[PDB]
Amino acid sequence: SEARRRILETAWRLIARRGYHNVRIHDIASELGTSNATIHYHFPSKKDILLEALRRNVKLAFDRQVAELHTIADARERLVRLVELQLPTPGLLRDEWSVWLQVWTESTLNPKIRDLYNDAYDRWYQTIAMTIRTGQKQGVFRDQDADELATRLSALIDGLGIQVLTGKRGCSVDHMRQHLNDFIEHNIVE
């Protein structure tokens, strides 16, 4: 598992930085100083690498979310932190977003990627919805449809993130953060 884990982490990183289609098995092998045969021993097709790259993305976001949110008692504080955790900050999070971008494209083509992207997205979506429901029960959020609110907030997160990743003039992680906090403050908080 030691070697498998390293191969996965390396491939994920290369995907994130160079792009799935520009990454060769040889590039993965070279990066770790191993043979192509060995990369195949663990991942029989290149597609299996993209699949596991998505699986890692799912794992990263959920582990992070568990660790940082369960303890927040206040729903407003919890929702703001949930959003912060999704900002495409330099390093890992920007890398996760590059992989999600690539998954969105592949999903318009490949059923398995699509199914899996849809599994994660619903898990992501339900966390937002539940947090919104928790705040409404707590009386700190307005009583609008939580699923509609969750659809709008997840869509906005995705749209703003694209603008950050692609460099829209004036668009930074910090302007994204400010826009999303404004949305929460003015459209969700009571």
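Quick note: we count residues from 1 along the sequence shown, nothing fancier.
Look at the mean CA B-factor for 127-135 and for 157-165 in the entry; the higher one is 127-135.
Averaged over Cα atoms, the B-factor as recorded in the entry is higher for 64-72 than for the other of 64-72 and 117-125. Remark: of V103, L109, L87, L92, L109 shows the highest value [criterion: C-alpha B-factor in the PDB entry]. Ranking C171, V23, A16, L180 by Cα temperature factor from the entry places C171 first. For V140, the recorded CA B-factor ranks within the highest third of the chain. Only modelled residues enter the ranking. The PDB entry assigns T34 a C-alpha temperature factor belonging to the highest third of its chain's modelled residues. When the CA B factors of the chain's modelled residues are split into thirds, the value for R55 lands in the middle one. Ranked against the other modelled residues of its chain, the C-alpha B-factor of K46 as given in the entry falls in the middle third.
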